[PDB]
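Read the single chain below, which is given as structure tokens and is the form deposited in one PDB entry.
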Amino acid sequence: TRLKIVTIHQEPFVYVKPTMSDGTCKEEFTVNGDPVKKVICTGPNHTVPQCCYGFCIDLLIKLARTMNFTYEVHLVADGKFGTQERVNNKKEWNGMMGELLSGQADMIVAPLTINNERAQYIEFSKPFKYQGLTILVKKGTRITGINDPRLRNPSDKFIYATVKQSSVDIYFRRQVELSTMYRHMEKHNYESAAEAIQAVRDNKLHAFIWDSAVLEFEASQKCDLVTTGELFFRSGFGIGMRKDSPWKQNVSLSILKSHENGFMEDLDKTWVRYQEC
């Protein structure tokens, strides 16, 4: 019927822009001439209406048309993807995971990583985007990848980190053999991917571990930034739903069909793929 969609600012999958003075979104076309489909998304800037568009917004529109449901989009209040944390005896999820489980949202449409920890409590669709984890550095920084000694034997001289309360945070938390790296990162993890990426350009952060679908995009736009080591881990983004959702089956069937008929290729070319510097 009327689903409460939660998403997060994460270019190129979700763009967040102010509305115009009259409260609508400015008409705009892509570099290839296709109309940019923009929806009103409320969130923090108190709550204010804003304009959302991108890969994940195109996906939401396709899903709402195929399965014929209406929606309202808002941005996650804490700005996080979602990890499970101990309450000052029980456990609770933050971020978009927390809003989905609490009822503040009925469906997560975002670059949301599919992992075991989240799948224990929610339903993931089949992946609408296959990708992985890589490392972003300022052009000129030399590291082999995730096995570099400046990462495996960290210090206060070479600072690396990821985004707080995210899937990468989970990935380095669960493996006891990664506790040395995680102990360094938790001293430096950032609130959002954008601030982390900005810190690399400012030489305040020396390496940013994040999703390759995002890092490679940022590298194609900002030529002072490069990726290195390539995919040391492979993961996929999926739609987030509660286990009781009646849309579970048709969302995954729709995503599979969209891969097969080239619809995802259109989105990947329009939003994700760009020329190297």
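A residue's number is simply how far along the shown sequence it sits, counting from 1. Between two forms, the rigid core is the largest collection of C-alphas that superpose within 1.5 Å.
Checklist entry - Thinking of the other compared PDB entries, is residue 89 one of those residues unmodelled in at least a third of them? => result Looking at the other entries that model residues on either side of it, residue 89 is missing from at least a third.
Checklist entry - If we scan the other compared entries, does residue 66 go without coordinates in at least a third? => result Residue status for residue 66: no gap in any other entry.
Next on the checklist: Are residue 88 and residue 89 truly consecutive in the deposited sequence, or are residues between them missing coordinates? Give the number as none, 1 to 3, 4 to 9, or 10 or more.
Outcome noted: According to the record, 1 to 3 deposited residues lack coordinates from residue 88 to residue 89.
Next on the checklist: Gap size between residue 45 and residue 46, counting deposited residues with no coordinates: none, 1 to 3, 4 to 9, or 10 or more?
Outcome noted: Some 4 to 9 residues are missing between them.
Next on the checklist: Quick check: 53-61 versus 226-234, which has the larger average CA B-factor in the record?
Outcome noted: So the stretch with the higher mean C-alpha B-factor is 226-234.
Item to check | Stretch with the greater mean C-alpha B-factor as recorded in the entry, comparing 5-13 against 18-26 | outcome: If you average the C-alpha B-factors of 5-13 and of 18-26, the larger mean comes out for 18-26.
Checklist entry - Based on the PDB record, which member of 147, 125, 94, 115 exhibits the highest Cα temperature factor? => result The listed residue with the largest C-alpha B-factor is 147.
Checklist entry - Per the coordinate record, which of the options 133, 194, 77, 181 holds the highest CA temperature factor? => result Across 133, 194, 77, 181, the entry lists the biggest C-alpha B-factor for 181.
Checklist entry - Would the CA B-factor of residue 31 place it in the lowest, middle or highest third of its chain? => result CA B-factor rank for residue 31: highest third.
Next on the checklist: By the recorded C-alpha temperature factor, relative to the other modelled residues in its chain, which third is residue 71 in?
Outcome noted: As the PDB entry reports it, the C-alpha B-factor of residue 71 lands in the middle third of its chain.
Checklist entry - Relative to the other modelled residues in the chain, which third contains the C-alpha temperature factor of residue 165: lowest, middle or highest? => result CA B-factor rank for residue 165: lowest third.
Next on the checklist: Considering every modelled residue of the chain and its Cα B-factor in the PDB entry, is residue 252 in the lowest, middle or highest third?
Outcome noted: Lowest third.
Checklist entry - In terms of the chain's CA B-factor thirds, is residue 106 lowest, middle or highest? => result It belongs to the lowest third of the chain when residues are ordered by C-alpha B-factor.
Although not depicted, the form deposited in another entry is the subject of the following passage.
Checklist entry - Which listed residue (106, 78, 148, 117) has a Cα shift of at least 2 Å between the shown form and the other one, rigid core superposed? => result The only residue crossing the 2 Å threshold is 148.
Checklist entry - Is residue 130 one of the residues whose C-alpha moves 2 Å or more between the shown form and the other one after the core fit? => result No; residue 130 is a residue whose C-alpha shifts by less than 2 Å between the shown form and the other one when the cores are overlaid.
Checklist entry - Would you say residue 209 moves between the shown form and the other one, meaning its CA shifts by 2 Å or more once the core is fitted? => result Where the cores coincide, residue 209 still shows a C-alpha shift between the shown form and the other one that is 2 Å or more.
Checklist entry - When you overlay the rigid core, is the Cα of residue 250 off by 2 Å or more between the shown form and the other one? => result Shift of 2 Å or more: no.
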